[PDB]
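Chemist: Encoded as structure tokens, here's the structure I'll be asking about.
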Amino acid sequence: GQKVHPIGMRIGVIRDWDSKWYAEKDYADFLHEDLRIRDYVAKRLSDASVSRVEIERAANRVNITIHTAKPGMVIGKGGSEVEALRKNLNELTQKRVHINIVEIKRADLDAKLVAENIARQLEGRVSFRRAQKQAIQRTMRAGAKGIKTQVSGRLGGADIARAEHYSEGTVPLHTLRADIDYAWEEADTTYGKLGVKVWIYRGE
Amino acid sequence: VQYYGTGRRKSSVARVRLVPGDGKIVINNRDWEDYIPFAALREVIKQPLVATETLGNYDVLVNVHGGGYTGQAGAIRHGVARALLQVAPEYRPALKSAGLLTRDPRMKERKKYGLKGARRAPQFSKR
Amino acid sequence: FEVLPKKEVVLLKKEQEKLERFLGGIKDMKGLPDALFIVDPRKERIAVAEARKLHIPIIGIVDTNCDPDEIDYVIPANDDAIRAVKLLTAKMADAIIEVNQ
Amino acid sequence: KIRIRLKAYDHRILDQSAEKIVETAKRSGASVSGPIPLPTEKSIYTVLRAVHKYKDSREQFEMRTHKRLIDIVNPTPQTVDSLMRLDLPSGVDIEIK
Amino acid sequence: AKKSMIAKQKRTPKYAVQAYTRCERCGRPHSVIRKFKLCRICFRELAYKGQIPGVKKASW
Amino acid sequence: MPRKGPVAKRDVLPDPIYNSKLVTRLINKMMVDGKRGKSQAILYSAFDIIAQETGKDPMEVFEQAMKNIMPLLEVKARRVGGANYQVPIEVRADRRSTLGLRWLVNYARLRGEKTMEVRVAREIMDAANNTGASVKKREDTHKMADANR
RNA sequence: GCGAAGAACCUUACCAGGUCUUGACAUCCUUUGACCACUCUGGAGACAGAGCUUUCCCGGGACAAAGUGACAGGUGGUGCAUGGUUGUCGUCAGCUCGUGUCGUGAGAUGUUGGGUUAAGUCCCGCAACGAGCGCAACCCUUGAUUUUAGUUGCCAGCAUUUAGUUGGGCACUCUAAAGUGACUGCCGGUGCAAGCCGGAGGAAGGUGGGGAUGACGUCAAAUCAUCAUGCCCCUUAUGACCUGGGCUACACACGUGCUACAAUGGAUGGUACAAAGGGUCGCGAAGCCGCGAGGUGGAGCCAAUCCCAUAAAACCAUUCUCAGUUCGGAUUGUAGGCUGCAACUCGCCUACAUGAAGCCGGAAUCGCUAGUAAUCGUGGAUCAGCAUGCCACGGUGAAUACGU
Ligand SMILES: [Mg+2]
Ligand SMILES: [Mg+2]
Ligand SMILES: [Mg+2]
Ligand SMILES: [Mg+2]
Ligand SMILES: [Mg+2]
Ligand SMILES: [Mg+2]
Ligand SMILES: [Mg+2]
Ligand SMILES: [Mg+2]
Ligand SMILES: [Mg+2]
Ligand SMILES: [Mg+2]
Ligand SMILES: [Mg+2]
Ligand SMILES: [Mg+2]
Ligand SMILES: [Mg+2]
Ligand SMILES: [Mg+2]
Ligand SMILES: [Mg+2]
Ligand SMILES: [Mg+2]
Ligand SMILES: [Mg+2]
Ligand SMILES: [Mg+2]
Ligand SMILES: [Mg+2]
Ligand SMILES: [Mg+2]
Ligand SMILES: [Mg+2]
Ligand SMILES: [Mg+2]
Ligand SMILES: [Mg+2]
Ligand SMILES: [Mg+2]
Ligand SMILES: [Mg+2]
Ligand SMILES: [Mg+2]
Ligand SMILES: [Mg+2]
Ligand SMILES: [Mg+2]
Ligand SMILES: [Mg+2]
Ligand SMILES: [Mg+2]
Ligand SMILES: [Mg+2]
Ligand SMILES: [Mg+2]
Ligand SMILES: [Mg+2]
Ligand SMILES: [Mg+2]
Ligand SMILES: [Mg+2]
Ligand SMILES: [Mg+2]
Ligand SMILES: [Mg+2]
Ligand SMILES: [Mg+2]
Ligand SMILES: [Mg+2]
Ligand SMILES: [Mg+2]
Ligand SMILES: [Mg+2]
Ligand SMILES: [Mg+2]
Ligand SMILES: [Mg+2]
Ligand SMILES: [Mg+2]
Ligand SMILES: [Mg+2]
Ligand SMILES: [Mg+2]
Ligand SMILES: [Mg+2]
Ligand SMILES: [Mg+2]
Ligand SMILES: [Mg+2]
Ligand SMILES: [Mg+2]
Ligand SMILES: [Mg+2]
Ligand SMILES: [Mg+2]
Ligand SMILES: [Mg+2]
Ligand SMILES: [Mg+2]
Ligand SMILES: [Mg+2]
Ligand SMILES: [Mg+2]
Ligand SMILES: [Mg+2]
Ligand SMILES: [Mg+2]
Ligand SMILES: [Mg+2]
Ligand SMILES: [Mg+2]
Ligand SMILES: [Mg+2]
Ligand SMILES: [Mg+2]
Ligand SMILES: [Mg+2]
Ligand SMILES: [Mg+2]
Ligand SMILES: [Mg+2]
Ligand SMILES: [Mg+2]
Ligand SMILES: [Mg+2]
Ligand SMILES: [Mg+2]
Ligand SMILES: [Mg+2]
Ligand SMILES: [Mg+2]
Ligand SMILES: [Mg+2]
Ligand SMILES: [Mg+2]
Ligand SMILES: [Mg+2]
Ligand SMILES: [Mg+2]
Ligand SMILES: [Mg+2]
Ligand SMILES: [Mg+2]
Ligand SMILES: [Mg+2]
Ligand SMILES: [Mg+2]
Ligand SMILES: [Mg+2]
Ligand SMILES: [Mg+2]
Ligand SMILES: [Mg+2]
Ligand SMILES: [Zn+2]
């Protein structure tokens, strides 16, 4: 049986959209400009541990917020990387772009970051069990109420693919006021392609 | 000098107003036999005034919209029942005894995907 | 007094009823008892076995069909009826009363 | 004699914006008529759930637009200046006639 | 043949009725909604991510 | 095998003109495609014909006919030893009236006059005099039960 | 009636013929920096040949023509190497853990037994006492109602008009934010209890109606053709461009539907009552013309305002009078209407003519437990045009359930 995307089940219920702008007659072009912005930002700040990007619009003016774990790489020594990004985004959109940076405290409590971590260990040939268990350990000692991870694919370069999952605490997926974060990332292996799924049930 | 009631049935809603008079029923500025040319519908509409013995003491002027003719009649009946309930508290048992104060809750259901209706399903064949 | 809208009346009341019915007067058991009194070791084999595992001495009236070797201070008698059990229990209780003062 | 129409995808931020506009207009002006709730408009998008087969398994999505209307009757320079100088949240769309 | 298909769809056609629509993320010809310019699959995944404003899963 | 027990029963309403539930059940049994008004007017016209010809109220004529075409015994299938056989059984009151109305309408639709009001009126009048298609339908049902008793 | 929420050209991946080779699509290289657009000649078109021609900005950059690689390009294969997404049992009721006890041990108990429930839902027993993910609740909608708010909504008491029109007012419907309300809560019986049968009040009574929600697992189930990807193949061709055809073929068999076989009906005339939706390179009113499909005309609208927009069954009169017919509409002949460069293969619609089978369907088989089935219309996505399909909306509105 299939499950519904836990984030999709909570958009508008207890969660919020990542694109907080309203438009009519200029909706498709705004949407695809936002998609291009997101892709270009994701391809530039790859190794900066970026957790979330949100975009807003108001009268020929694009505001971008980048929730990231370590702002020192994003916000440079005095504004080198930020201004390079802003100029490139200006040339990409032909608008006026203002870039705002915030820092994620307790970065082990965010699902995308831990999924990136597990994918990075798996790409570096670290046993899947070790990576999953250690990520669970750190996430739980960071103050979570529940963690669940699974890794699926040609595990260890075998001929037949399978999936293995581990958990600690509780993750109630059917409760609507439960605030589960969720992330899926791919690891690029010489044997194929591996998938890492992470559910984090926080206090809310 | 005016007793008001609001009736509803299916998607029909009716503003019923009741004034002392002779028995003249008015529906949407149209006569109640010209608006309703059948007879059983008139019987069901005047059930609330027959349950109690106050049939000919009142005039009802109504303002209905939504739904169809039987829905029109049901909404009118509910509205006049509530107006009579407003006239005197002692009418409350009798109108409750015939179920004329209940607003009928059953409304048309929802079309479901994979089905041809609310419940009707496609024809099934093993082979 | 009220913390739930209606779940108190629905659940909590029967919860206390059943819990106190099972528990009795041991709501303030500070530690393990220094002795036990058993009406009969046949119908209460679980209790006497559990006490034996804890090496706690026991005292109990038994019938002609009970096991006396498990109780170290066995006192066979007629555990049926009411007067005999009440008399033996009252004797043991006012006996402990005259010494615990 | 001044019309304002506010439209958004959720009623919380739009409620805040409408109440704030009413507050500022009352402060710097003389009169205002309370926000009339215009009917919300919703559109439904039915999409096949699978990638290849399975017509009978689908998924509905929806999109709702919430609207409010405000009138200022006694227009004064302070009221107009304060209303035009407001900074409404992003995601709430304002139209002044 | 996919990049040639996308490039030909982007080019101005010889006749006005020659023109058709493709999904702007993946160059898919069928099932393209034209408020979003997205095929059904890209629409579904972007809606689950939360990157299409206003749209939410419909319960009603 | 599942069924969890007896179920509730429907609560029909007395007719606005002839204040009886059985008239309502007959009207419902004649209904087609949810057209209450057509069958209702047809029944009113048929009772007009009855009152015109016989000269008495149509309600007692209708009740006499229904009393004359309600069954008592009926044949039901029983599967024993790998073979199915017909056997006698007695109907409840509800099934009694149900079969009466079903046969009345079924054999009134099969008569040979121009309209439907005439067909219904003639079938009712025949049933009130122990004659007609609906009358013989319960005669053999009594016969079929006896031959397998 | 599955991908396909729109195959005349395009889509298009297939075929025939005509053409191209660092390339239709990307980065870097080397010279030039705005190239493209336009006119005419030839050609079915792709393409070639002449003129006007190309206006980068502040050495940077993205665009731009030429020549050359490094490279690009595959809807090519393997779903039995994969990621992701989905079906199915099935919204079926299960899947486990902590601390104790019983076993030499793997293990067991709780989770077995009797009742009850929609349910591992709950009760009573019982060497177990509890908890967690699944059930239930939190979310959406519908049925009653209070406060806040009265325009584009409503019109009662008032003047007005072809008209709720204009004045005037939020009284009433309505709209939409926040609350209230239902819990076997109270009564009688029954039971040790859970519970079961009836009763009161109430808009609503036994999780009130309906959604979203799919645990652990099964089928090497579906998809390399939405996407991505290991490995294996092609590289003057398995890549790329074009015009024409094909996916619409037809002795036949199966699946899902639409229209009927008539009097509860056909034709003609009159005449009521909805809901949910769509509209700015868009919806398109009045008036005039046409037998009709339509044409013309341009009002009001970025819309609770204007348009789509005639609801149809139902009801009332006249007629037909049981007839393969005043039923039924296939099939074919002629004349037209729109969209589009273009309607032959192969669009939809109209007028006149023609008027096939078909008399309620064999063995057999399907759906449905209430505003349901049955029936009547309406809107939307895809969309220049094209649906009897799909997804939603209301009007009228049943029969039956003894039982396993
Ligand atoms: Mg499933
Ligand atoms: Mg998902
Ligand atoms: Mg998931
Ligand atoms: Mg998988
Ligand atoms: Mg009126
Ligand atoms: Mg009116
Ligand atoms: Mg009136
Ligand atoms: Mg009038
Ligand atoms: Mg209504
Ligand atoms: Mg559904
Ligand atoms: Mg279907
Ligand atoms: Mg089918
Ligand atoms: Mg079959
Ligand atoms: Mg689709
Ligand atoms: Mg899909
Ligand atoms: Mg399926
Ligand atoms: Mg479902
Ligand atoms: Mg590709
Ligand atoms: Mg097209
Ligand atoms: Mg019943
Ligand atoms: Mg009726
Ligand atoms: Mg189907
Ligand atoms: Mg086809
Ligand atoms: Mg071609
Ligand atoms: Mg390649
Ligand atoms: Mg392989
Ligand atoms: Mg394959
Ligand atoms: Mg696979
Ligand atoms: Mg498979
Ligand atoms: Mg296969
Ligand atoms: Mg798979
Ligand atoms: Mg295989
Ligand atoms: Mg199973
Ligand atoms: Mg199982
Ligand atoms: Mg089990
Ligand atoms: Mg066992
Ligand atoms: Mg449970
Ligand atoms: Mg649930
Ligand atoms: Mg309402
Ligand atoms: Mg009751
Ligand atoms: Mg309902
Ligand atoms: Mg509910
Ligand atoms: Mg296979
Ligand atoms: Mg299978
Ligand atoms: Mg198979
Ligand atoms: Mg296959
Ligand atoms: Mg490939
Ligand atoms: Mg691919
Ligand atoms: Mg495929
Ligand atoms: Mg394939
Ligand atoms: Mg495709
Ligand atoms: Mg169908
Ligand atoms: Mg049909
Ligand atoms: Mg005809
Ligand atoms: Mg007519
Ligand atoms: Mg109407
Ligand atoms: Mg409307
Ligand atoms: Mg349209
Ligand atoms: Mg229309
Ligand atoms: Mg309409
Ligand atoms: Mg013939
Ligand atoms: Mg033809
Ligand atoms: Mg043609
Ligand atoms: Mg054609
Ligand atoms: Mg003709
Ligand atoms: Mg001929
Ligand atoms: Mg014949
Ligand atoms: Mg015939
Ligand atoms: Mg069946
Ligand atoms: Mg059922
Ligand atoms: Mg139908
Ligand atoms: Mg029809
Ligand atoms: Mg229709
Ligand atoms: Mg229909
Ligand atoms: Mg329609
Ligand atoms: Mg349509
Ligand atoms: Mg169309
Ligand atoms: Mg259709
Ligand atoms: Mg057609
Ligand atoms: Mg249909
Ligand atoms: Mg049953
Ligand atoms: Zn796509």
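Residue numbers (the authors' numbering), protein chains in the order written: chain c, 2 to 205; chain i, 4 to 130; chain b, 126 to 226; chain j, 5 to 101; chain n, 2 to 61; chain g, 1 to 149.
All C-beta atoms in this analysis are idealised placements derived from N, C-alpha and C, irrespective of residue type, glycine included.
With DSSP as the reference, identify every bridge partner of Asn84 (chain g), one or two as the case may be.
Modeler: Taking the first residue of the sixth sequence as position 1, residue 84 (chain g) is located at position 84. Looking at the DSSP assignment, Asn84 (chain g) forms a beta bridge with g:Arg79.
Chemist: Among c:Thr176, c:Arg62, c:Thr171, which one has its Cα closest to the Cα of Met141 (chain c)?
Modeler: Reading the first sequence from its first residue, position 140 is the one you call residue 141 (chain c). Answer by Cα proximity: c:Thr171.
Chemist: Tell me whether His68 (chain c) sits in a helix, a strand or coil according to DSSP, three-state version.
Modeler: In the first sequence, the residue the question calls residue 68 (chain c) occupies position 67. Looking at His68 (chain c) - three-state DSSP - the assignment turns out to be strand.
Chemist: Thinking C-beta only, is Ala86 (chain i) closer than 8 Å to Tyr7 (chain i)?
Modeler: Working through the second sequence from its first residue, we reach residue 7 (chain i) at position 4. Working through the second sequence from its first residue, we reach residue 86 (chain i) at position 83. Yes.
Chemist: Mark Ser52 (chain c) as exposed unless 16 or more other C-beta atoms lie within 10 angstroms of its C-beta, in which case mark it buried.
Modeler: Here residue 52 (chain c) corresponds to residue number 51 of the first sequence, with the count starting at 1. By the neighbour-count rule (16 or more Cβ atoms within 10 Å), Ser52 (chain c) is buried.
Chemist: Could you list which residues in chain i have their beta carbon closer than 9 Å to that of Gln40 (chain g), in chain order?
Modeler: For the purposes of this step, residue 40 (chain g) is identified with residue 40 of the sixth sequence, where counting begins at 1. Going along chain i in sequence order, the residues near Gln40 (chain g) (Cβ under 9 Å) are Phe41, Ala43.
Chemist: Excluding the 5 residues flanking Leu90 (chain j) on each side, which residues of the same chain have their C-beta closer than 8 Å to its C-beta?
Modeler: Counted from its first residue, the fourth sequence places residue 90 (chain j) at position 86. Once the five neighbours on either side are set aside, the close Cβ partners of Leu90 (chain j) are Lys24, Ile25, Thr28.
Chemist: Between which residues of its own chain and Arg23 (chain n) is the CB-CB distance below 7 Å, once the five residues before and five after are set aside?
Modeler: Indexing the fifth sequence from 1 puts residue 23 (chain n) at position 22. So the qualifying residues of the chain are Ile7, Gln10, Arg29, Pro30, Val33.
Chemist: Note down, in chain order, each residue of its chain lying with its Cβ closer than 7 Å to the Cβ of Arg111 (chain g), except the 5 sequence neighbours on either side.
Modeler: As a first step, residue 111 (chain g) is located in the sixth sequence; it is residue number 111 there, counting from the start. Excluding sequence neighbours, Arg111 (chain g) sits near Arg119, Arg122, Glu123.
Chemist: Measure the CB-CB distance between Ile42 (chain n) and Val55 (chain j) and report whether it falls below 8 Å.
Modeler: The count along the fifth sequence starts at 1 and reaches residue 42 (chain n) at position 41. The count along the fourth sequence starts at 1 and reaches residue 55 (chain j) at position 51. Cβ atoms of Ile42 (chain n) and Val55 (chain j): closer than 8 Å.
Chemist: When DSSP builds the beta bridges, which residues end up paired with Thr50 (chain j)?
Modeler: Stepping through the fourth sequence from its first residue, residue 50 (chain j) is reached at position 46. j:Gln64, per the DSSP bridge assignment.
Chemist: What residues in its chain sit with their C-beta under 6 Å from that of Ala34 (chain j), if we drop five residues either side in the sequence?
Modeler: The residue you call residue 34 (chain j) lines up with position 30 of the fourth sequence. The residues are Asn78.
Chemist: How is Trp61 (chain n) classed by DSSP in three states: helix, strand or coil?
Modeler: Translated into the one-based positions of the fifth sequence, residue 61 (chain n) becomes position 60. Reduced to three states, the DSSP call for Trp61 (chain n) is coil.
Chemist: In its own chain, which residues sit with a C-beta less than 7 Å from the C-beta of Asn31 (chain i), not counting the 5 before and 5 after it?
Modeler: To locate residue 31 (chain i), count along the second sequence from 1; it is residue 28. Contacts found: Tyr38, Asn66, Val67.
Chemist: Just curious, the beta strand (DSSP E) that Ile163 (chain b) is in, first and last residue?
Modeler: On the third sequence, residue 163 (chain b) is found 38 positions in, with the first residue counted as 1. It spans 161-163 - the beta strand (DSSP E) in which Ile163 (chain b) sits, taken as one unbroken run.
Chemist: So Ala121 (chain i) and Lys114 (chain i) are in contact, right, with Cβ under 8 Å, and what is the actual spacing, rounded?
Modeler: Counted from its first residue, the second sequence places residue 121 (chain i) at position 118. Counted from its first residue, the second sequence places residue 114 (chain i) at position 111. Right, the Cβ-Cβ distance comes to about 6 Å (below 8 Å), so this counts as a contact.
Chemist: Any residues in the region 43-59 of chain n with a beta carbon nearer than 9 Å to a beta carbon of chain j? Which ones, in chain order?
Modeler: Cβ contacts with chain j come from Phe44, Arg45, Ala48, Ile53, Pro54, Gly55, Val56, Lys57, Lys58, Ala59.
Chemist: Give the interface partners of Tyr58 (chain j) over in chain n, defined as CB-CB distance under 7 Å, in chain order.
Modeler: If you number the fourth sequence from 1, residue 58 (chain j) lands on position 54. Within 7 Å Cβ-Cβ: nothing; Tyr58 (chain j) doesn't reach chain n, min ~13 Å.
Chemist: From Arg92 (chain g) to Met144 (chain g), what does the alpha carbon distance come to, in whole angstroms?
Modeler: Residue mapping note: residue 92 (chain g) aligns to position 92 of the sixth sequence, counting from 1. Residue mapping note: residue 144 (chain g) aligns to position 144 of the sixth sequence, counting from 1. Whole-angstrom Cα-Cα distance: 18 Å.
Chemist: Using the rule of at least 16 other Cβ atoms within 10 Å of the residue's Cβ for burial, across every protein chain shown, is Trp103 (chain g) buried or exposed?
Modeler: Residue 103 (chain g) sits at position 103 when you count from the first residue of the sixth sequence. The residue is buried, with at least 16 neighbouring Cβ atoms inside 10 Å.
Chemist: What first and last residue would you give for the beta strand (DSSP E) that runs through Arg18 (chain i)?
Modeler: By one-based count along the second sequence, residue 18 (chain i) stands at place 15. Looking at the DSSP string, the run of the beta strand (DSSP E) that includes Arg18 (chain i) is 15-23.
Chemist: Identify which residue in g:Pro6, g:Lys9, g:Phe47 has its Cα closest to the Cα of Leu26 (chain g).
Modeler: Stepping through the sixth sequence from its first residue, residue 26 (chain g) is reached at position 26. Nearest of g:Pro6, g:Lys9, g:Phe47 to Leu26 (chain g), Cα basis: g:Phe47.
Chemist: Are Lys198 (chain c) and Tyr167 (chain c) closer than 8 Å when you measure CB to CB?
Modeler: The count along the first sequence starts at 1 and reaches residue 198 (chain c) at position 197. The count along the first sequence starts at 1 and reaches residue 167 (chain c) at position 166. No, these two residues do not count as a Cβ contact at 8 Å.
Chemist: Could you name the residues of chain j that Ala60 (chain c) contacts, counting a contact when the two beta carbons are closer than 8 Å?
Modeler: Residue mapping note: residue 60 (chain c) aligns to position 59 of the first sequence, counting from 1. Within 8 Å Cβ-Cβ: nothing; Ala60 (chain c) doesn't reach chain j, min ~10 Å.
Chemist: When Cβ atoms are compared, which residues of the region 95-112 of chain c fall closer than 9 Å to chain j?
Modeler: The region 95-112 of chain c vs chain j, Cβ under 9 Å: nothing.
Chemist: Quick check: the region 17-31 of chain i against the region 54-74 of chain i, are there 3 or more CB pairs under 8 Å?
Modeler: Yes, since at least three Cβ pairs between the region 17-31 of chain i and the region 54-74 of chain i fall closer than 8 Å, the two stretches touch.
Chemist: Name the DSSP beta bridge partners of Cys40 (chain n), please?
Modeler: Position 39 of the fifth sequence, counting from 1, holds the residue named residue 40 (chain n). DSSP output for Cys40 (chain n) lists n:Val33 as bridge partner(s).
Chemist: Rounded to whole angstroms, what's the CA-CA distance from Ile196 (chain b) to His180 (chain b)? Just pull it up for me.
Modeler: To locate residue 196 (chain b), count along the third sequence from 1; it is residue 71. To locate residue 180 (chain b), count along the third sequence from 1; it is residue 55. Cα to Cα, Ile196 (chain b) sits roughly 11 Å from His180 (chain b).
Chemist: Measure the C-alpha to C-alpha separation of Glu112 (chain i) and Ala145 (chain c) and round it to an integer number of angstroms.
Modeler: On the second sequence, residue 112 (chain i) is found 109 positions in, with the first residue counted as 1. On the first sequence, residue 145 (chain c) is found 144 positions in, with the first residue counted as 1. Approximately 44 Å, taken between the alpha carbons.
Chemist: When the Cα atoms are used, what is the spatial distance from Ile67 (chain c) to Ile38 (chain c)?
Modeler: Within the first sequence, the letter at position 66 stands for residue 67 (chain c). Within the first sequence, the letter at position 37 stands for residue 38 (chain c). Their backbone Cα atoms lie some 12 Å apart in a straight line.
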